[PDB]
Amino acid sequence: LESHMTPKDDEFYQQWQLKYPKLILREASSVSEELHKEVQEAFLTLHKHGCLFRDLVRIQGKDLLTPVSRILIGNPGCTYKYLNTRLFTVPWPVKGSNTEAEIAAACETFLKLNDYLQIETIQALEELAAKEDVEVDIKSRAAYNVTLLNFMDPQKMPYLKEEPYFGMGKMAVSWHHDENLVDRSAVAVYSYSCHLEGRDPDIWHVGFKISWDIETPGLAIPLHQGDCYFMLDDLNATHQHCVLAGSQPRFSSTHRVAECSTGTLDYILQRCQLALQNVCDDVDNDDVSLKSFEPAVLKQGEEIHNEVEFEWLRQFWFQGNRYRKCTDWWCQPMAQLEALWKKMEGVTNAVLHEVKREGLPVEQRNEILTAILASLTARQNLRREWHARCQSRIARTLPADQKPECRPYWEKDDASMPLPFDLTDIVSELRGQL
């Protein structure tokens, strides 16, 4: 028989205390009724403005539309990958300064909730540490830089997946870990919902289990309006969690310390400047001359080229639906990244030209090809993948306002670009020689 534990079961409590001590529940009553109202109306305002979107993600070769709609709010310039989709932050008013009045206010509210949750988390880590620069690690692991807001109306689904192991019933989100977070970083969630036998089907729960293990009955924790739960230290890594759907719609705010060593605007702009150091930079024109044709430098250049194109430009524009409707903060940055990428397209063309030059020893010519082939290979492959995703039946189903864009994209007819979109010819020709 497939079973789970709820607050009804006598054993729920010892299981929580003994097996899940890094799981904290702070009930609505513990949070000011003031913060509750401001946060809940912020949810409603974001919702009314149509700021939350479902995503057309890709999982194990599968194009799938997320039942849950979401928006990422957080530090200016920061990003967070979710299901292989790079979500771009709608900035909250962290010091420094930058949106439609109401949206800006709501972001300020979620920054406010962030401060609160952060302090609460530090509190819990300290009490957890006091159970047996360690303070640096504590603050470090509670320094939420992003929140992912989610919404689902279960009524809008024709059928929900059954929780497969413990008889927990309908799942809004199946068993997983929160990914791409700083090591051992906490996660804080603010949940906003509106005879027995097991967990109450009409009430939203968060479910927990130990990874690899379906022997130990999972925990189903009820989440009433305004309840908050925290995953501390290594809990998110050692355990899986799911969201069990109730009967009414529900929002949540999920504060995280996103790992961002390669996920900020500042970072990717620096990468671009690094690549462009191999380019004579007197004037911005169609004439691109390179300072060096050394293999190591050309390799790095084409890799950065790939990074900006696929991890940034493609990711952003595929999000057909989004920020022109919540921010436009990434407007200018994305125009700038594309112009940077544009110059790099000229860089590739200069390399290809040098590979052609009549007076170049086959030695140096092979060192160049052996250096850049792996990059131009991925460029071709990734370009096919991304083009297909924009044309999937699933994609052409979406309304006009959403439907993914394949930027940047151009036809041969176009002579503002130096190289073709399809490189298979150029790529094969390079391999043949080598």
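Residues carry their position along the shown sequence, with the first being 1.
Counting the unmodelled positions of the deposited sequence between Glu132 and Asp133 gives a long gap of 10 or more residues. The modelled chain breaks after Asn98 and resumes at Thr99, leaving 1 to 3 residues of the deposited sequence without coordinates. Higher average CA B factor: 394-402, of the stretches 394-402 and 368-376.
For the two regions 103-111 and 302-310, the entry's Cα B-factors average higher over 103-111. Reading the B-factor column for the CA atoms of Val68, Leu64, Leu52, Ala388 in the entry, the top value corresponds to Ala388. In the PDB entry, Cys242 places in the lowest third of its chain by CA B-factor. In this PDB entry, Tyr323 carries a Cα temperature factor that places it within the highest third of its chain's modelled residues. When the CA B factors of the chain's modelled residues are split into thirds, the value for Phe12 lands in the lowest one. Among all modelled residues in its chain, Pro333 ranks in the lowest third by Cα B-factor. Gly207: CA B factor in the lowest third of modelled residues in this chain (values from the PDB entry).
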